[PDB]
file query.pdb (PDB, C-alpha atoms)
ATOM      1  CA  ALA A 103      21.016  55.364  31.860
ATOM      2  CA  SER A 104      23.806  53.678  29.878
ATOM      3  CA  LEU A 105      23.374  50.334  28.100
ATOM      4  CA  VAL A 106      24.920  47.824  25.674
ATOM      5  CA  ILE A 107      23.065  46.411  22.655
ATOM      6  CA  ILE A 108      23.820  42.932  21.274
ATOM      7  CA  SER A 109      22.778  41.395  17.937
ATOM      8  CA  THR A 110      23.119  37.600  17.985
ATOM      9  CA  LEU A 111      23.128  34.817  15.373
ATOM     10  CA  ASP A 112      19.603  33.627  16.195
ATOM     11  CA  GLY A 113      18.512  37.107  15.143
ATOM     12  CA  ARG A 114      18.111  38.352  18.697
ATOM     13  CA  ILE A 115      18.660  41.767  20.262
ATOM     14  CA  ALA A 116      19.603  42.073  23.945
ATOM     15  CA  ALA A 117      20.382  45.028  26.230
ATOM     16  CA  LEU A 118      22.412  45.249  29.456
ATOM     17  CA  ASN A 122      28.579  47.201  38.000
ATOM     18  CA  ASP A 123      26.137  44.649  36.553
ATOM     19  CA  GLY A 124      25.331  43.925  32.927
ATOM     20  CA  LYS A 125      21.899  42.701  33.990
ATOM     21  CA  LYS A 126      19.353  42.358  31.208
ATOM     22  CA  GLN A 127      16.674  45.035  30.987
ATOM     23  CA  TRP A 128      15.002  43.692  27.832
ATOM     24  CA  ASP A 129      15.398  41.176  24.999
ATOM     25  CA  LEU A 130      13.144  41.613  21.962
ATOM     26  CA  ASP A 131      13.049  39.814  18.600
ATOM     27  CA  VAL A 132      11.396  39.965  15.193
ATOM     28  CA  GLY A 133       9.656  37.416  12.985
ATOM     29  CA  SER A 134      12.720  36.825  10.821
ATOM     30  CA  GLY A 135      14.390  33.852  12.491
ATOM     31  CA  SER A 136      18.165  33.414  12.489
ATOM     32  CA  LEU A 137      20.558  35.942  10.947
ATOM     33  CA  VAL A 138      21.786  33.115   8.727
ATOM     34  CA  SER A 139      20.351  29.945   7.149
ATOM     35  CA  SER A 140      21.284  27.271   4.591
ATOM     36  CA  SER A 141      19.979  24.040   3.060
ATOM     37  CA  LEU A 142      20.260  21.218   0.544
ATOM     38  CA  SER A 143      17.555  19.070  -1.044
ATOM     39  CA  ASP A 191      20.591  24.466 -14.863
ATOM     40  CA  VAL A 192      18.472  26.194 -12.213
ATOM     41  CA  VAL A 193      16.336  29.301 -11.765
ATOM     42  CA  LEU A 194      16.970  31.363  -8.631
ATOM     43  CA  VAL A 195      14.479  33.350  -6.556
ATOM     44  CA  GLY A 196      15.342  35.777  -3.779
ATOM     45  CA  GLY A 197      14.995  39.185  -2.177
ATOM     46  CA  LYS A 198      16.672  41.573   0.233
ATOM     47  CA  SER A 199      14.573  43.546   2.715
ATOM     48  CA  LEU A 200      15.478  46.530   4.896
ATOM     49  CA  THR A 201      12.855  46.916   7.629
ATOM     50  CA  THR A 202      12.891  49.238  10.657
ATOM     51  CA  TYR A 203      11.861  48.713  14.284
ATOM     52  CA  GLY A 204      11.018  51.548  16.669
ATOM     53  CA  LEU A 205      12.152  50.626  20.178
ATOM     54  CA  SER A 206      12.034  52.550  23.464
ATOM     55  CA  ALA A 207      14.257  52.307  26.544
ATOM     56  CA  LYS A 211       9.135  48.517  23.378
ATOM     57  CA  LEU A 212       7.471  48.089  20.000
ATOM     58  CA  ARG A 213       5.714  51.314  19.063
ATOM     59  CA  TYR A 214       5.952  50.779  15.313
ATOM     60  CA  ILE A 215       7.419  48.514  12.646
ATOM     61  CA  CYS A 216       7.998  50.314   9.354
ATOM     62  CA  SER A 217       8.864  48.233   6.296
ATOM     63  CA  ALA A 218       8.616  48.377   2.506
ATOM     64  CA  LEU A 219       4.866  47.810   2.852
ATOM     65  CA  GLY A 220       4.039  50.159   5.716
ATOM     66  CA  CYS A 221       3.718  50.330   9.485
ATOM     67  CA  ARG A 222       2.281  48.274  12.320
ATOM     68  CA  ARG A 223       1.844  50.297  15.505
ATOM     69  CA  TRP A 224       1.014  49.768  19.165
ATOM     70  CA  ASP A 225      -0.718  51.744  21.909
ATOM     71  CA  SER A 226       0.450  53.458  25.134
ATOM     72  CA  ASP A 227       2.450  56.683  25.511
ATOM     73  CA  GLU A 228       5.585  57.993  27.267
ATOM     74  CA  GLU A 232       8.384  62.894  24.930
ATOM     75  CA  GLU A 233       9.793  59.633  26.330
ATOM     76  CA  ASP A 234      12.869  58.075  24.714
ATOM     77  CA  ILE A 235      13.570  56.514  21.308
ATOM     78  CA  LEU A 236      15.780  53.816  19.763
ATOM     79  CA  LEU A 237      15.913  53.224  16.003
ATOM     80  CA  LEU A 238      16.662  49.670  14.877
ATOM     81  CA  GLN A 239      16.668  48.323  11.324
ATOM     82  CA  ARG A 240      17.081  44.795   9.949
ATOM     83  CA  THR A 241      18.727  43.970   6.620
ATOM     84  CA  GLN A 242      17.919  40.449   5.457
ATOM     85  CA  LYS A 243      19.409  39.126   2.224
ATOM     86  CA  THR A 244      17.757  35.940   0.938
ATOM     87  CA  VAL A 245      17.939  33.747  -2.179
ATOM     88  CA  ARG A 246      16.734  30.226  -3.008
ATOM     89  CA  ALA A 247      17.708  28.048  -5.958
ATOM     90  CA  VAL A 248      14.841  26.285  -7.709
ATOM     91  CA  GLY A 249      14.608  23.763 -10.535
ATOM     92  CA  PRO A 250      13.035  25.269 -13.684
ATOM     93  CA  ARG A 251      11.180  21.964 -14.010
ATOM     94  CA  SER A 252       9.100  22.653 -10.887
ATOM     95  CA  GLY A 253       9.517  24.664  -7.697
ATOM     96  CA  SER A 254      11.336  21.859  -5.905
ATOM     97  CA  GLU A 255      14.185  24.035  -4.573
ATOM     98  CA  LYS A 256      17.661  22.562  -5.062
ATOM     99  CA  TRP A 257      18.786  24.529  -2.009
ATOM    100  CA  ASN A 258      18.510  27.894  -0.270
ATOM    101  CA  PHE A 259      20.294  30.291   2.063
ATOM    102  CA  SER A 260      19.929  33.725   3.658
ATOM    103  CA  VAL A 261      22.055  36.217   5.608
ATOM    104  CA  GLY A 262      21.130  39.183   7.781
ATOM    105  CA  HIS A 263      22.313  41.897  10.153
ATOM    106  CA  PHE A 264      21.124  44.791  12.297
ATOM    107  CA  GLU A 265      22.298  48.398  12.474
ATOM    108  CA  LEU A 266      21.546  50.981  15.142
ATOM    109  CA  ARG A 267      20.685  54.675  15.200
ATOM    110  CA  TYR A 268      19.608  56.769  18.182
ATOM    111  CA  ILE A 269      16.959  59.500  18.288
ATOM    112  CA  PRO A 270      16.628  61.640  21.456
ATOM    113  CA  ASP A 271      13.822  63.727  22.973
ATOM    114  CA  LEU A 306      32.370  56.404  35.712
ATOM    115  CA  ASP A 307      33.360  54.702  32.453
ATOM    116  CA  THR A 308      35.230  51.360  32.062
ATOM    117  CA  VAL A 309      35.435  49.464  28.761
ATOM    118  CA  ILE A 310      33.578  46.681  26.930
ATOM    119  CA  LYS A 311      35.091  44.015  24.663
ATOM    120  CA  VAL A 312      33.332  40.970  23.200
ATOM    121  CA  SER A 313      35.049  37.578  23.375
ATOM    122  CA  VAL A 314      33.572  36.118  20.186
ATOM    123  CA  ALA A 315      35.271  32.812  20.997
ATOM    124  CA  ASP A 316      32.996  32.137  23.988
ATOM    125  CA  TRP A 317      30.371  34.758  23.088
ATOM    126  CA  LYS A 318      31.175  36.763  26.226
ATOM    127  CA  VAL A 319      30.386  40.427  26.745
ATOM    128  CA  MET A 320      33.307  41.467  28.931
ATOM    129  CA  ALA A 321      33.420  44.608  31.076
ATOM    130  CA  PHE A 322      36.792  45.681  32.452
ATOM    131  CA  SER A 323      38.189  48.721  34.273
ATOM    132  CA  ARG A 324      41.490  50.599  34.501
ATOM    133  CA  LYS A 325      45.105  49.590  35.167
ATOM    134  CA  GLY A 326      45.631  48.166  32.318
ATOM    135  CA  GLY A 327      42.161  46.956  33.280
ATOM    136  CA  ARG A 328      40.499  44.595  35.751
ATOM    137  CA  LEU A 329      37.327  42.604  35.006
ATOM    138  CA  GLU A 330      34.082  43.849  36.560
ATOM    139  CA  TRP A 331      31.531  41.520  34.967
ATOM    140  CA  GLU A 332      30.759  39.441  31.875
ATOM    141  CA  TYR A 333      27.610  38.299  30.071
ATOM    142  CA  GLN A 334      27.578  34.952  28.280
ATOM    143  CA  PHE A 335      25.189  34.337  25.400
ATOM    144  CA  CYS A 336      23.908  30.858  24.539
ATOM    145  CA  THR A 337      24.255  31.838  20.878
ATOM    146  CA  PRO A 338      26.990  33.385  18.663
ATOM    147  CA  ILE A 339      27.145  37.185  18.855
ATOM    148  CA  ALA A 340      26.840  38.819  15.425
ATOM    149  CA  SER A 341      26.899  42.557  16.128
ATOM    150  CA  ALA A 342      27.198  44.799  19.190
ATOM    151  CA  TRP A 343      27.181  48.515  19.985
ATOM    152  CA  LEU A 344      27.691  50.907  22.889
ATOM    153  CA  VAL A 345      24.812  53.286  23.579
ATOM    154  CA  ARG A 346      25.608  55.692  26.411
ATOM    155  CA  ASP A 347      24.879  59.425  26.088
ATOM    156  CA  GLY A 348      22.768  59.499  22.928
ATOM    157  CA  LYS A 349      24.864  58.037  20.129
ATOM    158  CA  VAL A 350      26.075  54.632  18.958
ATOM    159  CA  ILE A 351      29.674  53.412  19.127
ATOM    160  CA  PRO A 352      29.970  49.948  17.557
ATOM    161  CA  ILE A 353      31.676  47.585  19.999
ATOM    162  CA  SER A 354      34.025  45.724  17.661
ATOM    163  CA  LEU A 355      35.001  42.052  17.457
TER     164      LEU A 355
ATOM    165  CA  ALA B 103       1.828  27.573 -32.123
ATOM    166  CA  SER B 104       3.642  30.927 -32.246
ATOM    167  CA  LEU B 105       2.835  33.822 -29.901
ATOM    168  CA  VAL B 106       3.896  37.276 -28.666
ATOM    169  CA  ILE B 107       4.278  38.156 -24.975
ATOM    170  CA  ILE B 108       3.712  41.703 -23.679
ATOM    171  CA  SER B 109       4.645  43.200 -20.292
ATOM    172  CA  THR B 110       2.728  46.425 -19.621
ATOM    173  CA  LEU B 111       3.011  49.314 -17.142
ATOM    174  CA  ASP B 112       0.072  48.162 -15.009
ATOM    175  CA  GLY B 113       2.133  45.033 -14.400
ATOM    176  CA  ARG B 114       0.184  42.937 -16.879
ATOM    177  CA  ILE B 115       1.232  40.101 -19.174
ATOM    178  CA  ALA B 116      -0.651  39.454 -22.428
ATOM    179  CA  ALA B 117      -0.229  36.934 -25.262
ATOM    180  CA  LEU B 118      -1.312  37.057 -28.921
ATOM    181  CA  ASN B 122      -3.050  36.709 -39.490
ATOM    182  CA  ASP B 123      -4.644  37.799 -36.198
ATOM    183  CA  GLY B 124      -2.958  38.841 -32.974
ATOM    184  CA  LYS B 125      -6.035  37.708 -31.062
ATOM    185  CA  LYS B 126      -5.575  37.295 -27.326
ATOM    186  CA  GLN B 127      -5.296  33.749 -26.007
ATOM    187  CA  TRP B 128      -4.693  34.705 -22.364
ATOM    188  CA  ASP B 129      -3.925  37.642 -20.062
ATOM    189  CA  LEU B 130      -2.727  36.823 -16.543
ATOM    190  CA  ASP B 131      -1.452  39.050 -13.721
ATOM    191  CA  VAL B 132       0.140  38.877 -10.285
ATOM    192  CA  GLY B 133      -0.587  40.532  -6.949
ATOM    193  CA  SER B 134       2.078  43.197  -7.404
ATOM    194  CA  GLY B 135       0.154  46.079  -8.958
ATOM    195  CA  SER B 136       1.777  48.472 -11.424
ATOM    196  CA  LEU B 137       5.373  48.113 -12.621
ATOM    197  CA  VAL B 138       5.965  51.600 -11.233
ATOM    198  CA  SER B 139       4.622  53.763  -8.384
ATOM    199  CA  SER B 140       5.382  57.050  -6.600
ATOM    200  CA  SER B 141       4.037  59.322  -3.858
ATOM    201  CA  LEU B 142       4.366  62.364  -1.621
ATOM    202  CA  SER B 143       2.957  63.023   1.849
ATOM    203  CA  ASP B 191      16.797  63.739   7.952
ATOM    204  CA  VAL B 192      14.880  60.549   7.148
ATOM    205  CA  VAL B 193      15.201  56.785   7.529
ATOM    206  CA  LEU B 194      14.490  54.695   4.431
ATOM    207  CA  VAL B 195      12.922  51.238   4.211
ATOM    208  CA  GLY B 196      12.764  49.066   1.112
ATOM    209  CA  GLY B 197      13.342  45.742  -0.597
ATOM    210  CA  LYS B 198      13.815  44.132  -3.989
ATOM    211  CA  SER B 199      12.154  40.798  -4.752
ATOM    212  CA  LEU B 200      12.724  38.348  -7.608
ATOM    213  CA  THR B 201       9.777  35.944  -7.794
ATOM    214  CA  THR B 202       8.984  33.348 -10.476
ATOM    215  CA  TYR B 203       5.718  32.317 -12.139
ATOM    216  CA  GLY B 204       5.208  28.992 -13.905
ATOM    217  CA  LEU B 205       2.874  29.479 -16.866
ATOM    218  CA  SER B 206       1.614  27.056 -19.522
ATOM    219  CA  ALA B 207       0.475  27.692 -23.098
ATOM    220  CA  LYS B 211      -1.935  28.754 -16.488
ATOM    221  CA  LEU B 212      -0.680  29.034 -12.922
ATOM    222  CA  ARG B 213       0.837  25.722 -11.875
ATOM    223  CA  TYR B 214       3.223  27.207  -9.326
ATOM    224  CA  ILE B 215       4.541  30.481  -7.932
ATOM    225  CA  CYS B 216       8.045  30.160  -6.507
ATOM    226  CA  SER B 217       9.433  33.057  -4.479
ATOM    227  CA  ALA B 218      11.975  33.744  -1.738
ATOM    228  CA  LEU B 219       9.586  32.088   0.723
ATOM    229  CA  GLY B 220       8.495  29.044  -1.264
ATOM    230  CA  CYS B 221       5.857  27.802  -3.680
ATOM    231  CA  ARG B 222       2.104  27.978  -4.143
ATOM    232  CA  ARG B 223       0.810  25.327  -6.536
ATOM    233  CA  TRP B 224      -2.382  24.400  -8.357
ATOM    234  CA  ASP B 225      -4.039  21.196  -9.552
ATOM    235  CA  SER B 226      -4.738  19.652 -12.992
ATOM    236  CA  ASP B 227      -2.267  18.046 -15.413
ATOM    237  CA  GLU B 228      -1.214  18.254 -19.083
ATOM    238  CA  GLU B 232       4.408  16.402 -20.596
ATOM    239  CA  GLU B 233       2.384  19.441 -21.715
ATOM    240  CA  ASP B 234       4.158  22.755 -22.317
ATOM    241  CA  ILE B 235       5.983  25.231 -20.066
ATOM    242  CA  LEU B 236       6.667  28.978 -19.843
ATOM    243  CA  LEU B 237       8.978  30.454 -17.202
ATOM    244  CA  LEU B 238       8.194  33.996 -16.059
ATOM    245  CA  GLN B 239       9.893  35.960 -13.286
ATOM    246  CA  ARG B 240       9.128  39.361 -11.749
ATOM    247  CA  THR B 241      11.763  41.736 -10.378
ATOM    248  CA  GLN B 242      10.256  44.420  -8.156
ATOM    249  CA  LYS B 243      12.480  47.087  -6.621
ATOM    250  CA  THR B 244      10.822  49.074  -3.822
ATOM    251  CA  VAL B 245      11.853  51.707  -1.260
ATOM    252  CA  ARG B 246       9.923  54.092   1.004
ATOM    253  CA  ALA B 247      11.238  57.099   2.906
ATOM    254  CA  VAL B 248      10.069  57.400   6.504
ATOM    255  CA  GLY B 249      10.518  60.001   9.230
ATOM    256  CA  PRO B 250      12.706  58.718  12.098
ATOM    257  CA  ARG B 251      10.229  60.454  14.405
ATOM    258  CA  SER B 252       7.447  58.003  13.504
ATOM    259  CA  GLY B 253       6.563  55.823  10.528
ATOM    260  CA  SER B 254       4.719  58.619   8.747
ATOM    261  CA  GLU B 255       6.389  58.080   5.349
ATOM    262  CA  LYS B 256       7.638  61.265   3.678
ATOM    263  CA  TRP B 257       7.172  59.536   0.324
ATOM    264  CA  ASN B 258       7.669  56.251  -1.516
ATOM    265  CA  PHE B 259       8.251  54.711  -4.931
ATOM    266  CA  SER B 260       8.839  51.357  -6.628
ATOM    267  CA  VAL B 261       9.902  50.021 -10.037
ATOM    268  CA  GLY B 262       9.567  46.599 -11.634
ATOM    269  CA  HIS B 263       9.998  44.470 -14.743
ATOM    270  CA  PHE B 264       9.515  40.969 -16.122
ATOM    271  CA  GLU B 265      11.921  38.659 -17.937
ATOM    272  CA  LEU B 266      11.127  35.516 -19.897
ATOM    273  CA  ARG B 267      12.660  32.065 -20.264
ATOM    274  CA  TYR B 268      11.226  29.062 -22.097
ATOM    275  CA  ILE B 269      11.327  25.408 -21.038
ATOM    276  CA  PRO B 270      10.159  22.725 -23.521
ATOM    277  CA  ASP B 271       8.870  19.155 -23.166
ATOM    278  CA  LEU B 306       5.353  31.922 -42.777
ATOM    279  CA  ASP B 307       7.143  34.631 -40.789
ATOM    280  CA  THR B 308       6.524  38.426 -40.970
ATOM    281  CA  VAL B 309       7.852  40.877 -38.371
ATOM    282  CA  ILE B 310       6.683  42.564 -35.156
ATOM    283  CA  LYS B 311       7.534  46.086 -33.969
ATOM    284  CA  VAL B 312       6.020  47.946 -31.010
ATOM    285  CA  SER B 313       4.913  51.559 -31.463
ATOM    286  CA  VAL B 314       5.572  52.723 -27.901
ATOM    287  CA  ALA B 315       4.068  56.099 -28.801
ATOM    288  CA  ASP B 316       0.543  54.674 -29.139
ATOM    289  CA  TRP B 317       1.281  51.369 -27.378
ATOM    290  CA  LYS B 318       0.620  49.416 -30.581
ATOM    291  CA  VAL B 319       1.857  45.914 -31.305
ATOM    292  CA  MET B 320       2.366  46.116 -35.059
ATOM    293  CA  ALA B 321       2.656  43.121 -37.388
ATOM    294  CA  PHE B 322       3.957  43.741 -40.901
ATOM    295  CA  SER B 323       5.046  41.601 -43.858
ATOM    296  CA  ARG B 324       7.531  41.819 -46.732
ATOM    297  CA  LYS B 325       8.311  44.420 -49.407
ATOM    298  CA  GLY B 326       9.744  46.553 -47.454
ATOM    299  CA  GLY B 327       6.725  45.413 -45.448
ATOM    300  CA  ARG B 328       2.945  45.803 -45.432
ATOM    301  CA  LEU B 329       0.816  45.874 -42.263
ATOM    302  CA  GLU B 330      -1.170  42.735 -41.426
ATOM    303  CA  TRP B 331      -2.597  43.623 -38.014
ATOM    304  CA  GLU B 332      -1.992  45.641 -34.846
ATOM    305  CA  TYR B 333      -2.929  45.303 -31.173
ATOM    306  CA  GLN B 334      -3.532  48.421 -29.092
ATOM    307  CA  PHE B 335      -3.075  48.336 -25.329
ATOM    308  CA  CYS B 336      -4.998  50.654 -23.002
ATOM    309  CA  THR B 337      -1.800  50.958 -20.962
ATOM    310  CA  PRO B 338       1.893  51.740 -21.687
ATOM    311  CA  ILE B 339       3.893  48.720 -22.863
ATOM    312  CA  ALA B 340       6.966  48.089 -20.699
ATOM    313  CA  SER B 341       8.536  44.941 -22.147
ATOM    314  CA  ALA B 342       7.806  42.542 -25.012
ATOM    315  CA  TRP B 343       9.263  39.348 -26.465
ATOM    316  CA  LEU B 344       8.826  36.983 -29.402
ATOM    317  CA  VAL B 345       8.224  33.343 -28.501
ATOM    318  CA  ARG B 346       7.984  31.138 -31.588
ATOM    319  CA  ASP B 347       9.863  27.821 -31.790
ATOM    320  CA  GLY B 348      11.020  27.402 -28.194
ATOM    321  CA  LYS B 349      13.172  30.402 -27.336
ATOM    322  CA  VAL B 350      12.726  34.084 -26.516
ATOM    323  CA  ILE B 351      13.723  36.969 -28.786
ATOM    324  CA  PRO B 352      13.068  40.303 -27.052
ATOM    325  CA  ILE B 353      10.964  42.523 -29.312
ATOM    326  CA  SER B 354      12.710  45.866 -28.846
ATOM    327  CA  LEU B 355      11.345  49.397 -28.464
TER     328      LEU B 355
END
call {"tool": "encode", "arguments": {"input": "query.pdb", "output": "structure tokens"}}
result
Amino acid sequence: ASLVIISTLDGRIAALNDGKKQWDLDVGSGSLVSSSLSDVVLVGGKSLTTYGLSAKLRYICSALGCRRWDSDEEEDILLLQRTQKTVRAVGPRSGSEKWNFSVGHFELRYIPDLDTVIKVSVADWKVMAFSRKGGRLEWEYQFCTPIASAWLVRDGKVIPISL
Amino acid sequence: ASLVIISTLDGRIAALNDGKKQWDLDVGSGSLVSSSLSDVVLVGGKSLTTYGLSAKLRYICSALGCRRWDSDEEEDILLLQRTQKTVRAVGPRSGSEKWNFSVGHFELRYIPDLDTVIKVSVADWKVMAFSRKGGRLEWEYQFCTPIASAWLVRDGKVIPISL
């Protein structure tokens, strides 16, 4: 087929003449950004994990190891990794946390086994699909959450659909 | 009092005319270094945690929060943080891990509420205590594991006893 991948602010990945959704899968990492307020010591940690998707969770490889799932079909493959920076501030007196924040993002790689164009209206979080003229609209997908990152995955590679 | 703190390769912290041991406490992080062998994707993550010690675990603050313990006595305080870098290599085909390795270290800060000198023979992992002349030996502590980092904590600060 030929689909579009979308990384949103809530930390969500979605995939789409239509733009219908085929699947939307997330990870236990929450939003791609967070903040708070409640001499200091500061704790933290970045983490680059990796999620093996089909076109489905077959494995999750991280800095500790892998968690796998059953079933088969060979088949297709879609690499997906999550980079989550994180750091809290904490009073040396006692772990009372003055404040905290964290940022994150996804990146995409593909592993293997009639055109129009796509632009993303970040103002209204639209995924717009046009045509040729210039260009005439064909469809658009609206997300109920700010779009962080997006790519175009047709053939078997990954063009990053820019802001 | 007046004591000497020692960070060893196994990821262990120890404290010592004597050099007797008053306490030796560790964390669930294993050795300060590790390695292995079994186009690649690479997972990883650094983590800077913090351990609140007395002179005892009262709290462990990390990038996720705190775990505390009971009892009281005010009292004394000894800040101790662990920085653990870690990264595995993993085949894009499937999380089979081509290899992996990790490094780590501790650093010390003090929070409050007749001399001789100390050198560390890294060759035989000795903690040597001398005197004045020159200098004559008074005692030595031998560790059954390579010494990574060491400090001198007398008054209420931290001089790093060098290699």
call {"tool": "resolve_selection", "arguments": {"input": "query.pdb", "expression": "the PyMOL selection byres ((chain B) within 9 of (chain A))", "output": "ChimeraX atom specification"}}
result
/B:193-202,204,213-223,235,237,239,244-246,248,250-255,258,269
call {"tool": "resolve_selection", "arguments": {"input": "query.pdb", "expression": "the PyMOL selection byres ((chain B and resi 346) around 8)", "output": "short mmCIF file (atom, residue, chain, number, x, y, z; two decimals) with C-alpha atoms, keeping the file's coordinate frame"}}
result
data_model
loop_
_atom_site.label_atom_id
_atom_site.label_comp_id
_atom_site.auth_asym_id
_atom_site.auth_seq_id
_atom_site.Cartn_x
_atom_site.Cartn_y
_atom_site.Cartn_z
CA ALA B 103 1.83 27.57 -32.12
CA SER B 104 3.64 30.93 -32.25
CA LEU B 105 2.84 33.82 -29.90
CA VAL B 106 3.90 37.28 -28.67
CA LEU B 344 8.83 36.98 -29.40
CA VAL B 345 8.22 33.34 -28.50
CA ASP B 347 9.86 27.82 -31.79
CA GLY B 348 11.02 27.40 -28.19
CA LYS B 349 13.17 30.40 -27.34
CA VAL B 350 12.73 34.08 -26.52
#
call {"tool": "resolve_selection", "arguments": {"input": "query.pdb", "expression": "the PyMOL selection byres ((chain B and resi 317-328) around 9)", "output": "list in words"}}
result
residues 108, 122, 124, 307, 308, 309, 310, 311, 312, 313, 314, 315, 316, 329, 330, 331, 332, 333, 334, 335, 336, 337, 338 and 339 of chain B
call {"tool": "residues_near_point", "arguments": {"input": "query.pdb", "point": "(9.4, 40.2, -15.3)", "cutoff": "8 Å", "atoms": "only C-alpha atoms", "output": "number ranges by chain"}}
result
B: 109, 238-241, 262-266
call {"tool": "write_last_selection", "arguments": {"input": "query.pdb", "atoms": "C-alpha atoms", "output": "PDB file, keeping the file's coordinate frame"}}
result
ATOM      1  CA  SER B 109       4.645  43.200 -20.292  1.00  0.00           C
ATOM      2  CA  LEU B 238       8.194  33.996 -16.059  1.00  0.00           C
ATOM      3  CA  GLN B 239       9.893  35.960 -13.286  1.00  0.00           C
ATOM      4  CA  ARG B 240       9.128  39.361 -11.749  1.00  0.00           C
ATOM      5  CA  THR B 241      11.763  41.736 -10.378  1.00  0.00           C
ATOM      6  CA  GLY B 262       9.567  46.599 -11.634  1.00  0.00           C
ATOM      7  CA  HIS B 263       9.998  44.470 -14.743  1.00  0.00           C
ATOM      8  CA  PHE B 264       9.515  40.969 -16.122  1.00  0.00           C
ATOM      9  CA  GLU B 265      11.921  38.659 -17.937  1.00  0.00           C
ATOM     10  CA  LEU B 266      11.127  35.516 -19.897  1.00  0.00           C
TER      11      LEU B 266
END
call {"tool": "closest_residue", "arguments": {"input": "query.pdb", "among": "A:224, A:130, A:137, A:123", "to": "residue 340 in chain A", "atoms": "all atoms listed in the file"}}
result
A:137
call {"tool": "atom_distance", "arguments": {"input": "query.pdb", "atom1": "CA of residue 115 in chain A", "atom2": "CA of residue 225 in chain A"}}
result
21.9 Å
call {"tool": "atom_distance", "arguments": {"input": "query.pdb", "atom1": "CA of residue 342 in chain A", "atom2": "CA of residue 234 in chain A"}}
result
20.3 Å
call {"tool": "closest_residue", "arguments": {"input": "query.pdb", "among": "A:206, A:228, A:352, A:192", "to": "residue 129 in chain A", "atoms": "only C-alpha atoms"}}
result
A:206
call {"tool": "atom_distance", "arguments": {"input": "query.pdb", "atom1": "CA of residue 140 in chain B", "atom2": "CA of residue 114 in chain B"}}
result
18.2 Å
call {"tool": "closest_residue", "arguments": {"input": "query.pdb", "among": "A:127, A:141, A:136, A:354", "to": "residue 261 in chain A", "atoms": "only C-alpha atoms"}}
result
A:136
call {"tool": "build_atoms", "arguments": {"input": "query.pdb", "residues": "range 238-249 of chain B", "atoms": "N, CA and C atoms", "output": "tab-separated table (two decimals), keeping the file's coordinate frame"}}
result
chain	number	residue	atom	x	y	z
B	238	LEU	N	8.44	32.56	-16.13
B	238	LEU	CA	8.19	34.00	-16.06
B	238	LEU	C	8.51	34.53	-14.67
B	239	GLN	N	9.47	35.44	-14.58
B	239	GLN	CA	9.89	35.96	-13.29
B	239	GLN	C	9.70	37.47	-13.19
B	240	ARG	N	9.40	37.95	-11.99
B	240	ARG	CA	9.13	39.36	-11.75
B	240	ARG	C	10.14	39.97	-10.79
B	241	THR	N	10.80	41.04	-11.22
B	241	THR	CA	11.76	41.74	-10.38
B	241	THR	C	11.20	43.08	-9.94
B	242	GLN	N	10.88	43.20	-8.66
B	242	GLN	CA	10.26	44.42	-8.16
B	242	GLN	C	11.12	45.13	-7.12
B	243	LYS	N	11.75	46.23	-7.54
B	243	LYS	CA	12.48	47.09	-6.62
B	243	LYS	C	11.47	47.97	-5.89
B	244	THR	N	11.74	48.26	-4.62
B	244	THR	CA	10.82	49.07	-3.82
B	244	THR	C	11.55	49.72	-2.64
B	245	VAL	N	11.27	51.00	-2.39
B	245	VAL	CA	11.85	51.71	-1.26
B	245	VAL	C	11.00	52.90	-0.84
B	246	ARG	N	10.65	52.96	0.44
B	246	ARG	CA	9.92	54.09	1.00
B	246	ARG	C	10.85	54.94	1.86
B	247	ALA	N	10.57	56.24	1.93
B	247	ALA	CA	11.24	57.10	2.91
B	247	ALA	C	10.31	57.29	4.09
B	248	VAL	N	10.88	57.31	5.29
B	248	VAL	CA	10.07	57.40	6.50
B	248	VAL	C	10.75	58.24	7.57
B	249	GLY	N	9.99	59.16	8.17
B	249	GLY	CA	10.52	60.00	9.23
B	249	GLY	C	10.94	59.19	10.44
